[PDB]
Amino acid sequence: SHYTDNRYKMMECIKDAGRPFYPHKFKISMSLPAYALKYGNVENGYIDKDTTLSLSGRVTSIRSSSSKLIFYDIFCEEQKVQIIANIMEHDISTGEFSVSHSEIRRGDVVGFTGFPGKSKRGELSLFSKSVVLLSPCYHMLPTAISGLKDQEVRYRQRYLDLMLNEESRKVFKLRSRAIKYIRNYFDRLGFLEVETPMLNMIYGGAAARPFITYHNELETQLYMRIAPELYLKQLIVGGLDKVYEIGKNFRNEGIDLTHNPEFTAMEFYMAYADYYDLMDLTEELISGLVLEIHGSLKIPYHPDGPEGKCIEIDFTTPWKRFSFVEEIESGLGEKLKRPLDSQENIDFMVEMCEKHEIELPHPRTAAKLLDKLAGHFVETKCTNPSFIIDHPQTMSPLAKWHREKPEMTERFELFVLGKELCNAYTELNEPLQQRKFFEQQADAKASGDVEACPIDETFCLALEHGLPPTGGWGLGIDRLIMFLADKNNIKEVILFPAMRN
């Protein structure tokens, strides 16, 4: 583009001519919001020539009325302000009027000095005496996001989106608000925030494939964490009683509308809680947050974008419970075979997958067959926030056995609109079984399950030091933001999401 070359040329001319070239410091008198608060209610035509103010922003508009009168719009911190540059007021010590204003283009970051007030037409304005070019824009911008080559530019160059699109800026403000709310909830319960390692010698705590890396000086290979769970439980052994962590997990898997290779998770571990206690807590925390944000527990969601259909999601507590196996058996019209991890049941589940046209997993472990069936028959029933509960042990290697139900565990997942938000259980604290389930997992891994985790002997050793009865819990913050902010694409709620190259 000729535009970019010419701008570099202009800037060189400016520098060689000793005119202001990327000034180090511009001292604003106040923010534009603070300016609008102070002068926004004056009478039309008001002007205070006894007050000289410095304002700065990005130029969004340039209109000349004549050779002697120029109108700018500047924008900063969510506030627009009009600048009215009259040659009569121009401070000649900063250069000839025409020269000073010839250096300014739309998109430029500029400073102005002058007198506060309002135009006769009633527009909040600064009656300028000078202009300074602080940081030029070397590209022709559109006036809105619809003027971009394509809408993927919004993600590859988020600065453009944030520049031009208020709706985008609002998502990240809301993200901050929601996380404050969540921290505060747990802070008031006497929780302690902790940081456990993102570099792991052994990955674990989730069904996910890891990123791999290497620490050269210590000549050891490492994994990025898929979850902090195995570390956090050790803190409960250590007696910290109530801990939470909020931070990135890394999952080496495909991207789509609800997946990004890194995302923000929260986990908490609470000693002496069980999964029943955690369901109540989840309801209180999430319903509270929804209410804080929306003023109501019934909120809009647009699955197919903002001009498509609108459904209502009802966060009124208590939420529906679906029992994992029973709901699968309702869909099937007959019972799964027992034991659930028997060859008999693996075969049966394969048969049922073919019959109901469900894509089979690989490998064909009982765990992954159960997961496919739950995805078809149960997750699809979860429009309003719903708990799927009482997952089989065979797919729940870190969850404590159900106190009433054989083969099951004290686990729940929270689904909203068929997407998983939370995953929680009464924590397994018996090390003999834990070692056994880790072995079954390593066996699955060797059989080609890329989401099965290796044995962690250090974790087993920690359990041998006595983990109190404990309840644990994780939440995908980003998917939560998708619901609160009404977005159907993860890329909307992460500043710099991953993209195909």
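In this text, rigid core is short for the largest set of C-alphas that superpose within 1.5 Å between two forms. Note that residue numbering follows the sequence shown and begins at 1.
Participant: Using RMS Cα distance over all structures and residues, flag whichever of 177-185 and 303-311 lies farther from this form in 6 other deposited structures of this protein after a core fit.
Facilitator: The stretch that sits farther from the shown form in 6 other deposited structures of this protein is 303-311.
Participant: Is the larger C-alpha RMS shift in 6 other deposited structures of this protein, relative to this form with the rigid core superposed, found in 417-425 or in 252-260?
Facilitator: Taking the RMS over all superposed structures in 6 other deposited structures of this protein, 252-260 lies farther out.
Participant: Quick check: 298-306 versus 185-193, which has the larger average CA B-factor in the record?
Facilitator: Between 298-306 and 185-193, it is 298-306 that shows the higher mean C-alpha B-factor.
Participant: As stated in the PDB record, which stretch has the larger average Cα B-factor, 14-22 or 484-492?
Facilitator: Taking the mean B-factor of the alpha carbons in each, 14-22 is higher.
Participant: For the listed residues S447, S64, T60, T470, which one has the largest C-alpha B-factor as given in the deposited model?
Facilitator: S64 has the highest C-alpha B-factor of those listed.
Participant: Using the temperature factors in the entry, find which of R251, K129, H402, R106 has the highest value at its Cα atom.
Facilitator: It is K129.
Participant: Taking the values exactly as deposited, rank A273 by C-alpha B-factor within its chain and report the matching third: lowest, middle or highest.
Facilitator: Within its chain, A273 is a lowest-third residue by C-alpha B-factor, going by the deposited values.
Participant: Pull the Cα B-factor of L461 out of the PDB entry and bin it into the chain's lowest, middle or highest third.
Facilitator: Answer is lowest: the recorded C-alpha B-factor places it there.
Participant: What third of the chain does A442 rank in for C-alpha temperature factor, lowest, middle or highest?
Facilitator: Highest third.
Participant: Sorting the chain's modelled residues by C-alpha B-factor, tell me whether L475 ends up in the lowest, middle or highest third.
Facilitator: It belongs to the lowest third of the chain when residues are ordered by C-alpha B-factor.
Participant: Ordered by C-alpha B-factor within the chain, which third holds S93? Give me lowest, middle or highest, please.
Facilitator: Highest third.
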